[PDB]
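Trainee:
There are 2 protein chains.
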Amino acid sequence: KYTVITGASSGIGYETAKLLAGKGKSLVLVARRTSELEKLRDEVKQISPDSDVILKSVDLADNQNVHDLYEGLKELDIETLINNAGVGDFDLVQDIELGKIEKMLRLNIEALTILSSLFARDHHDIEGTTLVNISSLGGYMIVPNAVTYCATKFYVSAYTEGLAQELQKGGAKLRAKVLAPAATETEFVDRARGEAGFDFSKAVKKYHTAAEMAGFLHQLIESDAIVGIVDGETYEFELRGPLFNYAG
Amino acid sequence: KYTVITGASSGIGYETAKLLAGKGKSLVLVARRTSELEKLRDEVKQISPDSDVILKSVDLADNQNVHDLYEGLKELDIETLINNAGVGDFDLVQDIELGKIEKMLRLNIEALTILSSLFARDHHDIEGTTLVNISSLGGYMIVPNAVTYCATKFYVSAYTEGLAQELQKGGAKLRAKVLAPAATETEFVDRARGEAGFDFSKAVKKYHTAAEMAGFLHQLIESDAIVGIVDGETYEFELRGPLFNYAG
Ligand SMILES: NC(=O)c1ccc[n+]([C@@H]2O[C@H](COP(=O)([O-])OP(=O)(O)OC[C@H]3O[C@@H](n4cnc5c(N)ncnc54)[C@H](OP(=O)(O)O)[C@@H]3O)[C@@H](O)[C@H]2O)c1
Ligand SMILES: NC(=O)c1ccc[n+]([C@@H]2O[C@H](COP(=O)([O-])OP(=O)(O)OC[C@H]3O[C@@H](n4cnc5c(N)ncnc54)[C@H](OP(=O)(O)O)[C@@H]3O)[C@@H](O)[C@H]2O)c1
Numbered sequence: 048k049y050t051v052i053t054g055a056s057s058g059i060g061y062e063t064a065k066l067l068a069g070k071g072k073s074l075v076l077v078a079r080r081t082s083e084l085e086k087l088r089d090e091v092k093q094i095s096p097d098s099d100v101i102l103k104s105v106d107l108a109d110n111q112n113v114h115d116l117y118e119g120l121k122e123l124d125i126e127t128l129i130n131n132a133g134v135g136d137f138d139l140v141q142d143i144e145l146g147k148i149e150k151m152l153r154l155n156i157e158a159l160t161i162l163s164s165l166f167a168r169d170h171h172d173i174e175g176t177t178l179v180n181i182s183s184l185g186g187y188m189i190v191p192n193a194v195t196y197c198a199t200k201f202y203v204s205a206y207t208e209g210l211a212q213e214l215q216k217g218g219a220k221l222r223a224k225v226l227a228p229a230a231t232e233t234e235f236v237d238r239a240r241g242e243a244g245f246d247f248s249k250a251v252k253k254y255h256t257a258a259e260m261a262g263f264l265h266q267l268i269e270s271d272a273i274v275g276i277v278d279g280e281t282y283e284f285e286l287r288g289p290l291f292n293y294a295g
Numbered sequence: 048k049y050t051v052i053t054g055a056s057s058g059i060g061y062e063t064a065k066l067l068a069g070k071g072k073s074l075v076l077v078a079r080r081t082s083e084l085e086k087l088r089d090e091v092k093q094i095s096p097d098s099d100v101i102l103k104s105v106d107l108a109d110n111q112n113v114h115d116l117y118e119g120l121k122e123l124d125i126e127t128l129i130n131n132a133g134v135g136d137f138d139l140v141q142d143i144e145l146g147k148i149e150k151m152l153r154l155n156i157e158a159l160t161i162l163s164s165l166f167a168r169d170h171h172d173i174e175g176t177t178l179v180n181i182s183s184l185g186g187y188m189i190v191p192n193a194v195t196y197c198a199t200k201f202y203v204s205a206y207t208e209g210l211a212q213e214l215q216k217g218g219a220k221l222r223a224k225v226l227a228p229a230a231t232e233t234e235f236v237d238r239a240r241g242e243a244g245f246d247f248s249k250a251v252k253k254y255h256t257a258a259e260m261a262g263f264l265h266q267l268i269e270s271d272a273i274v275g276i277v278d279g280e281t282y283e284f285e286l287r288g289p290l291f292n293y294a295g
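As you go down the protein sequences, you meet chains Y and H in turn.
Positions 48 to 295 (this note's numbering) are the ones given, in order, by the first sequence.
Positions 48 to 295 (this note's numbering) are the ones given, in order, by the second sequence.
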């Protein structure tokens, strides 16, 4: 039984991989940097010798690539799929680089939608299955200077909240959940603004570590809650139901 | 001075083109079916002899096509861009047709985001410009059996509400607006479910006509409101401010 974690080379996906290794889970770890995926596999084997770890060096910003990824796991028993890979951008809309933003849409929205749709197709009536889509507090509240990225997370939040309630009302075995972190200490900011060195310790007054966010993600999987969300002011993690209007 | 209307060959965009014709505006009408674009241009000339009417047969579900559409309009003075083209689907997520849904994402989301970003880049500091993106009441309220489509509209609403407030806070000249129709008598249901003949008169107990929704769109352009939205319970058209949380 496997747990698929996209965006496993760094940040939340990376630490989630390590936390799930400590539970004896076997992993499919997806990202582009093979080097880091291999060093993580080495950590995972010393944490948990009997875990199986499959690596997949895949750019998920290409729709065909995402299809290929999934059909290549057809002969695996996947209990959890975690749509964690995603990128950010800080800039006024009038200043954006469309090539980067277009790529952001293909990763944040499409890849996640392809994998969620395919997982749901084959796993809705299968006992013990979980889908966890990583949104953001930015997917429930709009943040200045990050309009485009926030809107990808609004998509993710609304899509997962509607998929979750679809599967509940239909009596599915598959459970779908959304994680909405707040500021979490990872590479995300450095990628988003395009230059390294951003220091959360010095520049952000409240943030979780990547390990703390792996821990929240794991508790979300271990709950009957659809939404795991960090409060923007208290930075308490809350497991709760949907935030948006449901017309049902 | 031109008003660009994507999705002009039927429905809201078609009736919007005719309304703006009666005000003497010149139009750039974008859709795939040349046939109907020429039929509308004939109507526009009969309403408005002196209106200029450029037609563009373009599939906007291709990102390159959307760039090409815009770069080809750079010789023109565009006062208004209306991202109206969009497509729906009624289906459990487990039952969708990915090729249809992936095309829906490229049109409902990407096309609109390319055209809005490029319009915003060249027109933010230009007096009298207006960007109007068409979302839906299902972009503020999740509707069963249309999870994926509603999420494209949550993207549109959140993107445009965030862009609108970005332009206000930064003193732009450009105004950005979002329209959120409810049931509107168009080809939209027929295209979404794949089969013709859906009858609003017999099947839907409250709905607006396409001409009424073009009127609401024109009301929204002529206001300081960021949002023009049909209330699901009263079916009154409301001009109001943003609905989502703004962190600034
Ligand atoms: N950090 C925060 O404050 C925060 C808050 C809310 C939500 N989030 C969300 O958290 C998730 C993880 O981000 P993070 O904070 O952990 O940042 P991160 O450390 O930069 O991790 C992003 C991950 O995505 C992978 N990735 C990026 N582009 C990819 C592509 N085209 N194909 C495949 N994999 C790709 C990266 O590895 P490769 O580059 O090697 O592929 C990396 O593993 C994202 O959904 C992000 O939006 C972050
Ligand atoms: N009708 C409703 O109840 C309702 C409610 C809320 C929001 N909306 C929104 O209203 C907008 C307009 O839809 P409508 O109700 O007027 O429906 P419609 O009659 O089906 O018109 C849709 C328009 O989109 C164009 N279009 C579709 N795919 C395209 C593509 N790939 N490239 C270029 N143009 C394309 C169509 O023309 P071609 O096929 O010729 O390209 C047509 O002009 C959509 O954004 C829809 O989501 C509708």
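Note that CB positions come from ideal geometry on N, CA and C, so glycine has one too.
For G275(Y), report the span of its alpha helix (DSSP H) as first-last.
Mentor: Sequence index remark: in the first sequence, residue 275(Y) carries index 228 (1-based). Careful: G275(Y) lies outside any alpha helix (DSSP H), inside the beta strand (DSSP E) at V274 to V277.
Trainee: If you draw a straight line from the C-alpha of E122(H) to the C-alpha of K48(H), how long is it?
Mentor: Here the question's residue 122(H) lines up with position 75 in the second sequence. Here the question's residue 48(H) lines up with position 1 in the second sequence. If I take the Cα positions, the gap works out to 11 angstroms.
Trainee: If you draw a straight line from the alpha carbon of residue 297(Y) to that of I148(Y), how long is it in whole angstroms?
Mentor: Limits of chain Y in this structure are 48 at one end and 295 at the other, which puts residue 297(Y) out of reach.
Trainee: Would you report the Cα separation of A132(Y) and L87(Y), rounded to the nearest angstrom?
Mentor: What you label residue 132(Y) is simply residue 85 of the first sequence in a count that begins at 1. What you label residue 87(Y) is simply residue 40 of the first sequence in a count that begins at 1. Going by the C-alpha atoms only, they are around 16 angstroms apart.
Trainee: Strictly under 9 angstroms for the Cβ-Cβ distance: is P191(Y) near chain H by that measure?
Mentor: Position 144 of the first sequence, counted from the start, is the residue given in the question as residue 191(Y). So, interface residue.
Trainee: Counting only Cβ-Cβ distances shorter than 9 angstroms, please list the residues of the region 264-292 of chain H near chain Y, keeping chain order.
Mentor: Near chain Y, meaning a CB-to-CB distance below 9 angstroms, the residues of the region 264-292 of chain H are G279, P289, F291 and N292.
Trainee: Classify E174(Y) as buried or exposed, calling it buried when 16 or more other Cβ atoms lie within 10 Å of its own Cβ.
Mentor: Here residue 174(Y) is taken as the residue at index 127 of the first sequence, counted from 1. Counting Cβ neighbours within 10 Å, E174(Y) comes out exposed, since fewer than 16 surround it.
Trainee: Taking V77(Y) as the reference, which of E283(Y), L107(Y) and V274(Y) has the closest Cα?
Mentor: Reading the first sequence from its first residue, position 30 is the one you call residue 77(Y). Here the closest residue by C-alpha is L107(Y).
Trainee: Assuming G275(H) contacts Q266(H) under a Cβ cut-off of 8 angstroms, what Cβ separation, rounded to an integer in Å, is found between them?
Mentor: The residue you call residue 275(H) lines up with position 228 of the second sequence. The residue you call residue 266(H) lines up with position 219 of the second sequence. So it is a contact: roughly 7 angstroms between Cβ atoms.
Trainee: Spell out the partners DSSP gives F166(Y) in its beta bridges.
Mentor: By 1-based counting over the first sequence, the position of residue 166(Y) is 119. DSSP lists no partner for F166(Y).
Trainee: Looking at the strands, I want to know which residues DSSP matches up with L226(Y).
Mentor: Within the first sequence, numbered from 1, the residue matching residue 226(Y) stands at position 179. Answer is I181(Y) and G275(Y).
Trainee: With a threshold of 8 angstroms, establish whether the CB of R240(Y) neighbours any heavy atom of ligand 1.
Mentor: The residue given as residue 240(Y) occupies position 193 in the first sequence. No, ligand 1 has no heavy atom inside 8 angstroms of this Cβ.
Trainee: Return the first residue and the last residue of the alpha helix (DSSP H) that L267(H) is part of.
Mentor: The residue you call residue 267(H) lines up with position 220 of the second sequence. For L267(H), the enclosing alpha helix (DSSP H) has its first and last residue at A257 to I268.
Trainee: Do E232(Y) and ligand 1 come close, with the Cβ less than 8 angstroms from some heavy atom?
Mentor: In the first sequence, residue 232(Y) corresponds to position 185, counting from 1. At a cut-off of 8 angstroms, the beta-carbon of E232(Y) counts as near ligand 1: some heavy atom of the ligand is closer than that.
Trainee: Going along the chain, which residues of its own chain have a beta-carbon closer than 7 angstroms to the beta-carbon of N112(Y), five neighbours each way excluded?
Mentor: Here residue 112(Y) refers to the residue found at position 65 when the first sequence is read from its first residue. If we look at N112(Y) and ignore the five residues flanking it on each side, its Cβ neighbours are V105 and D106.
Trainee: Pull the bridge partners of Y49(Y) from the DSSP assignment, please.
Mentor: Numbered from 1 along the first sequence, position 2 holds the residue referred to as residue 49(Y). Partner(s): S73(Y) and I125(Y).
Trainee: Could you work out which residue in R240(H), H171(H) and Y61(H) is closest to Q215(H) when comparing CA atoms only?
Mentor: Translated into positions along the second sequence, residue 215(H) becomes position 168. Selected option, being the one with the closest Cα: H171(H).
Trainee: Whose C-beta lies closer than 7 angstroms to the C-beta of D136(H) among residues of the same chain, with five residues either side of it excluded?
Mentor: The residue labelled residue 136(H) in the question sits at position 89 within the second sequence. For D136(H), where only same-chain residues beyond five positions count, the Cβ hits under 7 angstroms are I143, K147, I148, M151, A193, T195, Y196 and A239.
Trainee: Taking the continuous beta strand (DSSP E) assigned at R240(Y), which residues delimit it?
Mentor: The count along the first sequence starts at 1 and reaches residue 240(Y) at position 193. Where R240(Y) is concerned, there is no enclosing beta strand (DSSP E), although the alpha helix (DSSP H) it sits in stretches over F235 to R240.
Trainee: When DSSP labels each residue in this structure, what does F201(Y) get in the three-state scheme?
Mentor: Residue 201(Y) sits at position 154 when you count from the first residue of the first sequence. Reduced to three states, the DSSP call for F201(Y) is helix.
Trainee: Any C-beta of chain B sitting closer than 9 angstroms to the C-beta of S164(H)?
Mentor: The structure shown has no chain B; the protein chains it does contain are Y and H.
Trainee: Closer than 9 angstroms, CB to CB, is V75(H) near chain Y or not?
Mentor: The residue you call residue 75(H) lines up with position 28 of the second sequence. Chain Y contact via Cβ: absent.
Trainee: Roughly how many angstroms lie between the CA atoms of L84(H) and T127(H), to the nearest whole one?
Mentor: Counted from its first residue, the second sequence places residue 84(H) at position 37. Counted from its first residue, the second sequence places residue 127(H) at position 80. Distance between the alpha carbons of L84(H) and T127(H): 19 angstroms.
Trainee: Along chain Y, which residues have their Cβ under 9 angstroms away from the Cβ of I148(H)?
Mentor: Counted from its first residue, the second sequence places residue 148(H) at position 101. Annotation: Cβ neighbours of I148(H) in chain Y (cutoff 9 angstroms, chain order): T160, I161 and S164.
Trainee: What does the alpha-carbon distance come out to for the pair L184(H) and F245(H)?
Mentor: Counted from its first residue, the second sequence places residue 184(H) at position 137. Counted from its first residue, the second sequence places residue 245(H) at position 198. Cα-Cα distance, rounded: 20 angstroms.
Trainee: Which residues in the same chain as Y282(H) place their Cβ atom closer than 6 angstroms to its Cβ, once the five residues preceding and following it in sequence are excluded?
Mentor: As a position in the second sequence, residue 282(H) is number 235, starting the count at 1. Same-chain partners within the cutoff: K253.
Trainee: Check the DSSP bridge columns for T231(Y) and list the partner residues they point to.
Mentor: Translated into the one-based positions of the first sequence, residue 231(Y) becomes position 184. Beta-bridge pairing links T231(Y) to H255(Y).
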